[PDB]
Structures are given as structure tokens and as C-alpha cells.
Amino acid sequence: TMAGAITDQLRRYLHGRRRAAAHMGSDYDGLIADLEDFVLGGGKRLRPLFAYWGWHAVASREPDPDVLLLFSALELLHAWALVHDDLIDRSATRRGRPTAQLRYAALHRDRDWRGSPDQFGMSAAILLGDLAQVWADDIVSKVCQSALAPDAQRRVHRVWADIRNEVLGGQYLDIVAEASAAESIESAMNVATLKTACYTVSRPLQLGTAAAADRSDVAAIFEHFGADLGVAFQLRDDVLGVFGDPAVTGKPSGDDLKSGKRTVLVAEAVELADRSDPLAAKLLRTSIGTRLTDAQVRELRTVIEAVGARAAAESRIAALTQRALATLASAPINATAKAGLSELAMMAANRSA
């Protein structure tokens, strides 16, 4: 598949970087191997595929192997975002496996090393994410230099600078929104635009278009396409994060409420509760972000569906997907791209995991 072809290009790159760094010893090599295992250990490769479809939309052909490696840099950049997000959220596990800070704290304990095991695991996790990010940029630098016309390089760099600036801004805005207890739908929408719309949809698409041709019309259209679809993707995550079945999502039931995230769905519930039951709005305001029992969580989930926040979320998702498909249909891109991205937009809007 195309995800597998992009994965193989990343697998070969990391193996080369790992061999070239072997002179730094077996401890650093074990760090690089742990990065390999984490990156190549599966995933949908959603962001590289968005770059692939952004390439097909305005290109006459299929891309060279080096351009697939450029797309794979989004996957390595995502490892950086995830590794540092696990430190930010203080998560113990990710997709069933221990987070980096726990793996390296356990390595510390297994060898009866001195000092705090948790300080070591946190330090090593910082450096692991840092490594993923410098190597992700090394891919962009190397592919640009050796495989792209100088015009394609300039367009690729502008997208590369935007995607990393916007994901960093989205992360900081998100932790500020939780700390300041920003209730508004606008605050959550602003974070979703940077963390989901830009970082997951719009900028990946534009990376592919930038690598293919100078199509400023298509770049601006994918901005509007990613704005609707990304917010639809985020709202889907918010519904799953509250009402998802753990056997289907793999996340604990009502994880967003347990973790105190400031989502659009939660923000809309507070607004709808102000309209229909002030005491229900008071329950939400004074419970979000606090240590909740499983009873409190189930109670808050019923209140969220009660005030109609779930129905409003599902209505928004349909509307944003419809307008995203409308934007995609009347677009000066190849019909093959229109069909591929319409498949993705439907899957992202209506999934259960």
C-alpha cells in the first residue's frame, strides 16, 4: 500500500541514521532503536497520506521514492509531538504500551542505577522527542536538497515552518486553556484549528501540493478543506472521548472528562446547559478538570447528552463534512484526488476509533 511504501522509506532512513551514529556507543543506539520501534510500530500514516493526496491533486504522475520519504517526515514529526505530549499530559501508557518516561525509568530501575528513576525517564523522554524532531527536519532538508527543484524547496519549507509553528502554538494554547479554565467554544475551536485542522489536515495536504507544483489556488482551497474537515475530525474525537466504547476506541470510557480536556463538545454542553438548566451548567463548570470518580464521569456524560451537546456535535460533523465534500468537488484538482480525499473525509467524520 501507500502507507507501507512511505513506512519503508522511513524505515530505510532511520536505519541509515542509526548506522551512521553507532560510534556514539550502545546506550545512544538503544535510544535510536527505541525511536525506530515506536515510529515504525504501526499507525494509519494519516498525515503522510494527506501529503500524498495533496501531491496527486496537482501532479501528472506518482512521486519518486525520495518524495515519499519527505511525506514520511510527517510521521517522524508526529513521534516528536506524541513523545512530548505524553510528558505534558503525564500519561503512563499510549496505545497499550508504556510511555517513554516510564520505559526509561524502568530501564533505570532494572539496572539499579542511581538517582531518581523518574527524573531519568523524564530526561530521556525529552531527548527522545528532540531526536525525532531534528531527524524529521533532517529528512526535509535532505529531500529538498537532493530531489526537488529550487522552487519546490521554497514552497516545502514554508509549509514545514507553518506546521511546526502551528502545532507548537496549539499545544501551548491547549495547556493554557486547561490552566485558565477557558470555557468558551471559541477557545476550544481556536485550539482545534491549530492542533487538528492545520497540523493533521491542511498543512499535510499543502506539503504534497508544495512538492508538486506552484498551485496557490489549490493551497488556499486545501486550507478551506482542512478547516471544515479538521474541525469535523476534532468533534469526532470529542464524541468518542466522552461516549466512545472502550472496546472500539481503545481509550477508557469518558477519557476526555477524566483527563479534563477543554473540548468543543464540553464547551457546547456548558453553553447548552446555561440555556436549559443552570444547575447542570454549574455541575459542569465545577467538575471539569477535577479528580472524578467513575460515578461522577458517568453522571457528567448523561448531563452532556441531556442538554443535547452530543446531538449538536453530530449535526456539526455532518455539516462540516458536507461542506468539505462540496469544497472538494468543485476544485481544480484531479478527479482521482477528489475520490481519495472524499474517502478520508467520510472516514474521519464517521468513525468509532
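Each residue number is its position in the shown sequence, starting from 1.
Q: On average, are the C-alpha B-factors higher in 133 to 141 or in 151 to 159?
A: Comparing averages over the C-alpha atoms only gives 151 to 159.
Q: So, looking at the entry's B-factor column for Cα atoms, which has the higher mean, 58 to 66 or 34 to 42?
A: Result of the comparison: 58 to 66.
Q: Specify which of 171, 249, 123, 93 carries the largest Cα B factor in the deposited PDB entry.
A: That would be 249, according to the entry.
Q: Taking the chain's C-alpha temperature factors as the reference, tell me which third residue 277 falls into: lowest, middle or highest.
A: Middle third by C-alpha B-factor.
Q: Once the chain's modelled residues are ordered by C-alpha B factor and cut into thirds, is residue 322 in the lowest, middle or highest one?
A: For residue 322, the deposited C-alpha B-factor lands in the highest third.
Q: Residue 78's Cα B-factor: lowest, middle or highest third of the chain?
A: Its C-alpha B-factor, which the entry lists for residue 78, ranks in the lowest third among residues of this chain.
Q: Quick check for you: using the entry's CA B-factors within this chain, is residue 286 in the lowest, middle or highest third?
A: For residue 286, whose C-alpha B-factor we compare with every modelled residue in the chain, the answer is the lowest third.
Q: Looking at the entry's B-factor column for C-alpha atoms only, identify whether residue 28 ranks in the lowest, middle or highest third of its chain.
A: Answer is lowest: the recorded C-alpha B-factor places it there.
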